[PDB]
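Just so you know, structure 1 and structure 2 below are the same protein chain in two forms, each on its own as structure tokens.
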Structure 1
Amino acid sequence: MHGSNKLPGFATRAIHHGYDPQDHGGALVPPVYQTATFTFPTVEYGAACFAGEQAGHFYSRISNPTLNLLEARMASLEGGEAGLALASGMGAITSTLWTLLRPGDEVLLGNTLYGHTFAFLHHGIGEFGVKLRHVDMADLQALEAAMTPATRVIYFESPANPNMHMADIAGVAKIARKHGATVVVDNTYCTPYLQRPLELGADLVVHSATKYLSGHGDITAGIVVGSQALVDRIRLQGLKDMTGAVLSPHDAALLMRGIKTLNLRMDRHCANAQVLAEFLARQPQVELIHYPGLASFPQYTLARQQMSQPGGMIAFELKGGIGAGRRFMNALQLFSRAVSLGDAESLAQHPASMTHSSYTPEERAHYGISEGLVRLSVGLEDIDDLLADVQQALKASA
């Protein structure tokens, strides 16, 4: 009944948006433009592609048809005007912030960040005269209080890596509308399938597409989505001049392949993580567990409000300290010991004996890392196998 102005469903757009086989000789899958350069029919047509007249292509670092399809598709999924594809999540983050900030500007930051994002801010751009301040983005009164006339960007992850701390994106956007700041949200953990910060009033979203968007752990990639004006600026300054973080057309095509199953994969990641999280909460050895789908989650209602499903990531604390975590990790036979997330393969990290092993018990405390803490990226394996693996690894941790 209801006519042709209806938005196609998410799965339909993830598979089809922006591509009609009739435009490429009937190829069902778009051909891969693995070409660095594009030629011009005449010297004037070439002039126009550099002088902003002619729609077209000239050099793959600036723009490429395979990348453009990926970009338009991601834009559709996030409810944004425009997309940009980059060589990594760090490429997306750095290209964005290098574009938007200059000496004397302030950036307001979420209290916890991905480690390399933190390092970029504190040891990179923050050493070039950009002022940094961290604020708890879940405390809208504190955020309001931290706004200064120099605040140019508000940047955060929700949920945040690795503690799953959340912010009310719409609440932040409302503050930013009143004051003027540009809001940038790292939406890696949720993907557009679970949360769409642009639809809640954020200006820009960034992704490590290396994670769930790819889904298969075989590419490194970044995405930015936002307004045409901001994404164009990031493309033509951040990417073109300031980072050179160009995505391979081969990898862009793999990313698109992954996006075709994004809904199905996220459904399974979330279903598996919910079962594991409920199981873990009932085990003798587990002292504490943080999963957005449990009512014990400190920001349960904000998670329910913003996220359509509670995600594939679990954090928990074992009784018995670092010795328990070490024995837990070494006992794992199906979960892999590794960094990253959003792969088909289930992954685990025990930061006390892995990423933060060089520190002592005191230093891990002020960062906020328990000696029995472990982060799980719950994969796509049979839940009974994952339960069996965690169950036997808990037995070895005792």
Structure 2
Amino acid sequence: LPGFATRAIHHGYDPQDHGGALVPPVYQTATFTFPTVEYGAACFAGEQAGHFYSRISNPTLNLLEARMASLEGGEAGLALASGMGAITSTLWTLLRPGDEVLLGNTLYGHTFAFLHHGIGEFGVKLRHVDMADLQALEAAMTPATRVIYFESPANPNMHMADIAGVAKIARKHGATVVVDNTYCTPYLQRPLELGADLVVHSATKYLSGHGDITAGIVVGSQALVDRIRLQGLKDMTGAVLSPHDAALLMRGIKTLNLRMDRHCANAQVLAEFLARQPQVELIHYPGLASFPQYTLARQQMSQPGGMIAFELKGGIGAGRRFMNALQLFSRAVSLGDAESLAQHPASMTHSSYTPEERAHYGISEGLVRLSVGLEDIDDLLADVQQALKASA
């Protein structure tokens, strides 16, 4: 097996099959033709019996898919228009009325909204459990439990699950494990190598790395991915990825290892700095020894990531003032960009709501989330330092 960086650059492509083109040509074409009629029917007989033919599919998307499957260590990939496209296409395929899905206690907002206000209104039953508590997960299992779905680390506090421990429970009961591996990327964590069946990504974030595309990825077995392609994507969401954007995503993936190394190195320094500041009450970073799941983080993730969450002593007011004071960090809801980003859900995504409603799965008044970018660490430190002064 070539190394990760080699595979991120080369896997699945030989220039000699495309006239020597070092960079694969971009198939910006909505349709492909047939040499004869019966040739065209072999293709569409193939699908609907369950099988996926790679001509009649887009070679640009097929390469992205193959490369992502390689990096995750999985059999098959699927490229979609957004992370939400990946999540919905997957879950719409795998669940029907009467099935139960077991969920991590805290999810990305639109994932939560899709589950509770979307598929959960179509007869699918939902239950949240703490995926770190393997006792409680085992106790929540029923024979109708079809899917276990979580993020690790999860928003907001970077709470982790023991993926291999969850997978053991799933295997005993007969459930499918879907992990949103957006935060880590395959460079830091490979849930399929720990027993998960499927991984989903918002490739909009670190995989792209540059904030210029929206994309999703699914990786898993050929059997599952084919179903998600043929039903979830083709019939239930139509979340088709542009070949232009797939090509830009592959461009980003060529520097994934280098970018993640810098995101993590910057984040570790910033996290250690924040831990020593008088304005800061609590910090959630996997790379600090104080992190409650430090041991599990070191076992499951090869580096502690680019994401930091922390709480300011002065609560929502201090959070607002801190956020407003940032000059180099931008105020924005995304993550995994070259540019450093910050958000303070209490005064941003959840503002008109009351303090008591920010509670059950839970948003601290003072919780700030940082996506630590690729800028010079001294410039980022200076920005954070002044914004902490301004937070009082």
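Each residue is numbered by where it sits in the sequence of structure 1, with counting from 1. Here the rigid core means the biggest group of C-alpha atoms that line up within 1.5 Å when the two forms are laid on top of each other.
Comparing C-alpha positions between the two structures after a rigid core fit, one residue in 55, 36, 43, 28 moves 2 angstroms or more. It is 55. Superposition of the core reveals a Cα shift of less than 2 Å for residue 339 between the two structures. Relative to the superposed core, residue 162 has its Cα moved 2.2 Å between the two structures. Its Cα shifted by 4.1 Å, residue 367 is compared between the two structures on a rigid core fit. Structural comparison between the two structures after rigid-core fitting shows the C-alpha of residue 234 displaced 0.2 Å.
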